[PDB]
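Asks: Chains as they are written, first to last, in full-length UniProt numbering: chain A, 685 to 736; chain B, 2 to 95; chain C, 975 to 1022; chain D, 842 to 946; chain E, 7 to 228, 253 to 310; chain F, 4 to 229, 253 to 310.
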Amino acid sequence: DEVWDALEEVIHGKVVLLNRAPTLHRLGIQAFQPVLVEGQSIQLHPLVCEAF
Amino acid sequence: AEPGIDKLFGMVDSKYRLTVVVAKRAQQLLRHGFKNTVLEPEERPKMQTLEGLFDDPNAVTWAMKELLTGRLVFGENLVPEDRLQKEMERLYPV
Amino acid sequence: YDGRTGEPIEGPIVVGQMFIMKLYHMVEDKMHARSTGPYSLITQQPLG
Amino acid sequence: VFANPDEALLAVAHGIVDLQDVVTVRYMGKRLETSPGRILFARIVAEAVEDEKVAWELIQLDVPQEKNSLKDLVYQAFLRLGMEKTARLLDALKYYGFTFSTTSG
Amino acid sequence: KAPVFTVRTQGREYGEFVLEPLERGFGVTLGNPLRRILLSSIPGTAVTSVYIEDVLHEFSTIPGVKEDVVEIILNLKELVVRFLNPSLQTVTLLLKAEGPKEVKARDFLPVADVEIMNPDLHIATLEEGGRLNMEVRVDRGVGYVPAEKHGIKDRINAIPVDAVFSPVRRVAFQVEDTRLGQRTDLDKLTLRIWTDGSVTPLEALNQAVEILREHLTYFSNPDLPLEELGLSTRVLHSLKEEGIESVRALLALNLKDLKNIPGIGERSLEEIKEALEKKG
Amino acid sequence: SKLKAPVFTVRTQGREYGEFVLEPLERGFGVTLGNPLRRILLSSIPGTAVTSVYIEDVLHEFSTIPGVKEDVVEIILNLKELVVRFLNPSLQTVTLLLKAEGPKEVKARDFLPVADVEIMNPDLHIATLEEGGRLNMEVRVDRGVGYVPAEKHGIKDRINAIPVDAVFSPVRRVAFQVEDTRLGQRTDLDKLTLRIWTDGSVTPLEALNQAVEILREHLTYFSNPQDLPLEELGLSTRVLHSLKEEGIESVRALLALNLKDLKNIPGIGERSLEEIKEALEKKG
């Protein structure tokens, strides 16, 4: 369980890029600050759903 | 949204220049181990661990806040690269 | 009734029995990630 | 006739009036005829952007909020208050929008 | 484990109260009842009625005074009154002013054990030749009671006022996810409380939880009548209202009792005797 | 004008169902009391559930038993419906044994009786057995709260034992009704009626009491506003190893070690007592 805490420490302040095909415009890729969650699914913010 | 992003965009004629300044400053901080910071002990960015408040590992955050303070000077042809690097290594060894 | 508050929903709501199927597309099968790994022979680029 | 928004919404909380009911409410020195709901929307914006006067300027209170009015709101907020504040306002609009959408029936 | 309770307050008007960590679902389980109680059941004071000398009704307008009756009542609704005496349930404030003056809350005639929390509160602007004479009724109560509901009038021409008793102006609560290392589904509760300053947010909260607990405690314990005799009317009324209603009691009435009755004399004694001749 | 303590009425049918009335209450308090109790009753009420299953000559859940109609998955599914009542409050786990054969339909009664263990639903079907069919199994039932999936607890009494999804909550259903009532002068008053359906292991009144107790205990949390390991002490290495492996790992325990305890340790003598004393000189 300590390695998960370590992983929380690692990703601190860093962001990841989300992409959805087809990528029609530059907002087809966006940057998000990741919040670690249980489960195998990626969680996306509602407001960006239109751009993607 | 990143804190004071509009004001940061204010400081530059081009957003990409802001990005370059932030990135390079972050490289300086990483290289010299944060001991060359312009921040004050109470201005230092913090991170909550299980233990408690610790220094923020992220150098980009540091660089952006430092830039927001105004104590940093950025531009083109301010100083030869070698001289800068050596003076920095003299003031803050590795 | 809203289970959180206990107060009812401000309007009447359609409730009934529906037939719903679970499809063959499941996250467990589709979740994947890679740091480093196998590369291609000629291109030396990562595999698919 | 309500002296302030807090009174109107306190009345709504006790089921005296609904959010869609037209009522006389005194807000920012002027006597207005509107629903507690729209006042609530104005407070949502106000707290979201942390500027009450500018928020009051942006909102169209005499009309029901829809896609176009809200889009105009977002744009004006972007022009006046900048990126960060508009983002906060967006999150607020999302939160309260959903919250009311579920209980709406 | 035992959750931490943190309190951050700004003056007497506003407060934030954080409770974490809590078991899943308990955020709203605690959050909802407290919100309901704080808005409804927290004791306070409010202006319930107003009498103005030359004002006939609520929609009238006062000569010499800028504000209409509606605006004046509205300002009086903003009046925060603190009772020092716990047993004191009602006070009548008197106000008399004239001339070119701006009337504040201080101008109200001082009453013992009654403290005005907002003496800077504006009521009405008076001009040259303007005369304002009014009496405001302050009561102790709970929650929000509209004027139409209580309908209390101390005198004629009195205008009933919507009563906002609750010193608590606003209650909001946010519940967000939190983690204890291995478990991530824990609840974090954040309570935001706005008050008028008469009662403190922490005090109000404490009263609310105390009320709720007190409510939780409630689950613990799971020879015939003269009126019919047909005697004289005077006999009926007198004898009846004289504490007796039967011939048995009439029998109990001795010589210094029957004749002692204010109604009874001889005309009555006659009829009575006749009755005792009919029954024996 | 202050309301007084309301009358509380109780109507129970067996151990499975209950109604609890509180009236009169102030307007709006019907749901104020009624709703949170419902949430707690559904979530936080302690109960019993089958946490493990071992069937003889059965290696896993997807196996099949000769002579038995139902598959192992279906058998475990049937076992999930088993309601087990512990009479002893201190009993946190029990292992039930069952042995049956021949042309018989195995019910819950067939389980070998255990002291302080009552089966509330003995009519529950488990498996249909044929001629030559043999069912010999041990199920482990534990006490717990809420819902713990098989993957979460991973309880195995033995190797071939199959972990079972544990549905601990004894409370099957909770509903509450708020109705109009009057106390002579005041109208629009609230009458609260709580209806509770349980599996019989815990009584509706007991469940309600536990719920109210939980709510109260949680309400207490609004009260307050706002001993080190020897291994870390930095003591001598010999001290570390000896003291540690000697059944203690802290200065509290070192303090507990009296004169006829510390000096009794095989490793400890005088060289150790020195360092120890120094440590007690650094902290006091």
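Don't be surprised by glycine CBs; every beta carbon is placed ideally from N, CA and C.
Please determine, among E:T190, E:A130, E:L197 and E:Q95, the residue with the shortest C-alpha to C-alpha distance to E:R112.
Replies: As a working mapping, residue 112 of chain E is identified with position 106 in the fifth sequence. Here the closest residue by C-alpha is E:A130.
Asks: Compare the Cα-Cα distances from F:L100 to each of F:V142, F:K107 and F:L25 and report the closest residue.
Replies: Taking the first residue of the sixth sequence as position 1, residue 100 of chain F is located at position 97. Per the Cα distances, F:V142.
Asks: My understanding is that A:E686 touches B:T50, with C-beta atoms under 8 Å, so please give their C-beta distance in whole angstroms.
Replies: Looking up residue 686 of chain A in the first sequence gives position 2. Looking up residue 50 of chain B in the second sequence gives position 49. The pair is not a contact, with the Cβ atoms about 11 Å apart (cut-off 8 Å).
Asks: Spatial neighbours of F:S276 within its chain, please: C-beta separation below 8 Å, excluding the five flanking residues on both sides.
Replies: Taking the first residue of the sixth sequence as position 1, residue 276 of chain F is located at position 250. Same-chain partners within the cutoff: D253, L254, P255 and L256.
Asks: Would you kindly report the start and end of the unbroken beta strand (DSSP E) that includes F:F225?
Replies: Numbered from 1 along the sixth sequence, position 222 holds the residue referred to as residue 225 of chain F. First-last for F:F225: undefined, no H or E at that position.
Asks: Taking the CB atoms as reference points, tell me whether C:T979 and F:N38 lie closer together than 9 Å.
Replies: Residue mapping note: residue 979 of chain C aligns to position 5 of the third sequence, counting from 1. Residue mapping note: residue 38 of chain F aligns to position 35 of the sixth sequence, counting from 1. Yes.
Asks: Quick one: give me the first and last residue of the alpha helix (DSSP H) that E:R42 is part of.
Replies: Within the fifth sequence, the letter at position 36 stands for residue 42 of chain E. Where E:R42 is concerned, the enclosing alpha helix (DSSP H) stretches over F32 to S46.
Asks: Along chain D, which residues have their Cβ under 7 Å away from the Cβ of B:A2?
Replies: Reading the second sequence from its first residue, position 1 is the one you call residue 2 of chain B. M924, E925 and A928, listed in chain order.
Asks: Less than 8 Å between C-beta atoms, sequence neighbours within five positions excluded: which residues of the same chain meet that for F:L62?
Replies: As a position in the sixth sequence, residue 62 of chain F is number 59, starting the count at 1. Contacts found: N163.
Asks: Expressed to the nearest angstrom, what Euclidean distance is found between the alpha-carbon atoms of E:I122 and D:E848?
Replies: Sequence index remark: in the fifth sequence, residue 122 of chain E carries index 116 (1-based). Sequence index remark: in the fourth sequence, residue 848 of chain D carries index 7 (1-based). Each residue's alpha carbon lies about 20 Å from the other.
Asks: Can the beta-carbon of A:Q724 be found closer than 9 Å to that of C:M1005?
Replies: Looking up residue 724 of chain A in the first sequence gives position 40. Looking up residue 1005 of chain C in the third sequence gives position 31. Result yes, Cβ atoms of A:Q724 and C:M1005 sit closer than 9 Å.
Asks: Output the distance between the C-alpha atoms of E:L45 and B:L69, rounded to the nearest integer angstrom.
Replies: To locate residue 45 of chain E, count along the fifth sequence from 1; it is residue 39. To locate residue 69 of chain B, count along the second sequence from 1; it is residue 68. Between E:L45 and B:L69, the C-alpha separation is close to 43 Å.
Asks: Would you mind stating whether A:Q717 and A:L702 have Cβ atoms separated by less than 9 Å?
Replies: For this step, residue 717 of chain A is matched to residue 33 along the first sequence. For this step, residue 702 of chain A is matched to residue 18 along the first sequence. For A:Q717 and A:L702, no; Cβs fall outside 9 Å.
Asks: Going along the chain, which residues of the region 861–886 of chain D sit with their C-beta nearer than 7 Å to a C-beta in chain E?
Replies: Answer set for the region 861–886 of chain D: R867.
Asks: From the DSSP output, read off the bridge partner residues of E:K110.
Replies: Start at 1 with the first residue of the fifth sequence, and residue 110 of chain E comes out as number 104. E:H128.
Asks: Mind listing which residues of the region 687–709 of chain A have their C-beta closer than 9 Å to chain B's C-betas, in chain order?
Replies: Those would be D689, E692, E693, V694, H696, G697 and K698, in chain order.
Asks: Using a Cβ-Cβ cut-off of less than 7 Å, give me the residues of the region 988–1010 of chain C that come near chain A, in sequence order.
Replies: Flagged, chain order: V1001, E1002 and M1005.
Asks: At 4 residues or longer, and completely inside the region 39–104 of chain E: list those alpha helix (DSSP H) runs for me, N to C.
Replies: Segments of the alpha helix (DSSP H) lying fully in the region 39–104 of chain E: 75–83.
Asks: From the beta carbon of B:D7, is the nearest beta carbon of chain A less than 9 Å away?
Replies: Taking the second sequence and counting its residues from 1, the one referred to as residue 7 of chain B is at position 6. So no, B:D7 is outside the interface.
Asks: In the DSSP assignment, find the unbroken alpha helix (DSSP H) run with D:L922 in it and report its ends.
Replies: Against the fourth sequence, residue 922 of chain D aligns to sequence position 81. Segment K908 to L922, the alpha helix (DSSP H) holding D:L922.
Asks: Given this structure, state the Cα-to-Cα distance separating D:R884 from D:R867, to the nearest angstrom.
Replies: Counting from one through the fourth sequence, the residue named residue 884 of chain D turns up at place 43. Counting from one through the fourth sequence, the residue named residue 867 of chain D turns up at place 26. One C-alpha to the other measures close to 14 Å.
Asks: Could you tell me which whole beta strand (DSSP E) segments of length 3 or greater appear in the region 120–208 of chain F?
Replies: Taking only runs of at least 3 residues, the beta strand (DSSP E) segments lying wholly in the region 120–208 of chain F are 120–122, 128–132, 137–147, 174–186 and 189–201.
Asks: Is the region 6–13 of chain F touching the region 289–297 of chain E, taking contact as three or more C-beta pairs under 8 Å?
Replies: Flag = no, the region 6–13 of chain F and the region 289–297 of chain E do not touch.
Asks: Helix, strand or coil for D:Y937, going by three-state DSSP, please let me know.
Replies: To locate residue 937 of chain D, count along the fourth sequence from 1; it is residue 96. DSSP places D:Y937 in helix when its eight states are reduced to three.
Asks: With a threshold of 9 Å between beta carbons, is A:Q724 in contact with chain C?
Replies: Residue numbering aside, residue 724 of chain A sits at position 40 when the first sequence is read from its first letter. By this cut-off, A:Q724 is an interface position.
Asks: In terms of residue numbering, what span does the beta strand (DSSP E) encompassing F:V24 cover?
Replies: For the purposes of this step, residue 24 of chain F is taken as residue 21 along the sixth sequence, with counting starting at 1. Looking at the DSSP string, the run of the beta strand (DSSP E) that includes F:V24 is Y20 to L28.
Asks: Quick one: which chain F residues come within Cβ less than 9 Å of E:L261?
Replies: Here residue 261 of chain E refers to the residue found at position 231 when the fifth sequence is read from its first residue. Residues of chain F passing the Cβ test: none, with the nearest at roughly 39 Å.
Asks: So which residues of chain D does C:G980 contact, with C-beta pairs closer than 8 Å?
Replies: Taking the first residue of the third sequence as position 1, residue 980 of chain C is located at position 6. Within chain D, no residue comes near C:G980; the closest Cβ sits about 13 Å away, beyond 8 Å.
Asks: Less than 8 Å separating the Cβ of F:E59 from some heavy atom of the ligand GDP?
Replies: Summarising the ligand content, the structure contains no ligands, and the ligand GDP is consequently not present.
Asks: With a cut-off of 9 Å, does the C-beta of E:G31 fall near any C-beta of chain I?
Replies: Absent from the structure is chain I; the protein chains it does hold are A, B, C, D, E and F.
Asks: With 9 Å set as the bound, which would you pick, yes or no: does the beta-carbon of C:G977 sit closer than that to a beta-carbon of chain F?
Replies: Numbered from 1 along the third sequence, position 3 holds the residue referred to as residue 977 of chain C. Yes, contact with chain F.
Asks: Specify the secondary structure class of D:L873 as computed by DSSP and reduced to three states.
Replies: The residue labelled residue 873 of chain D in the question sits at position 32 within the fourth sequence. In this structure, D:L873 counts as strand in the three-state DSSP scheme.
Asks: From E:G17, E:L25, E:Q16 and E:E19, pick the residue whose C-alpha is nearest to that of E:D193; which is it?
Replies: For the purposes of this step, residue 193 of chain E is taken as residue 187 along the fifth sequence, with counting starting at 1. E:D193 has its Cα closest to that of E:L25, out of E:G17, E:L25, E:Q16 and E:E19.
Asks: Tell me whether B:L54 sits in a helix, a strand or coil according to DSSP, three-state version.
Replies: Translated into positions along the second sequence, residue 54 of chain B becomes position 53. Three-state result, B:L54: strand.
Asks: Relative to the alpha-carbon of E:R297, which residue among E:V265, E:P166, E:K309 and E:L80 has its alpha-carbon at the smallest distance?
Replies: The residue given as residue 297 of chain E occupies position 267 in the fifth sequence. Minimum Cα distance to E:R297 is reached at E:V265.
Asks: In the DSSP assignment, what residue or residues form a beta bridge with E:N212?
Replies: For this step, residue 212 of chain E is matched to residue 206 along the fifth sequence. Answer by DSSP bridge pairing: none, since E:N212 is not bridged.
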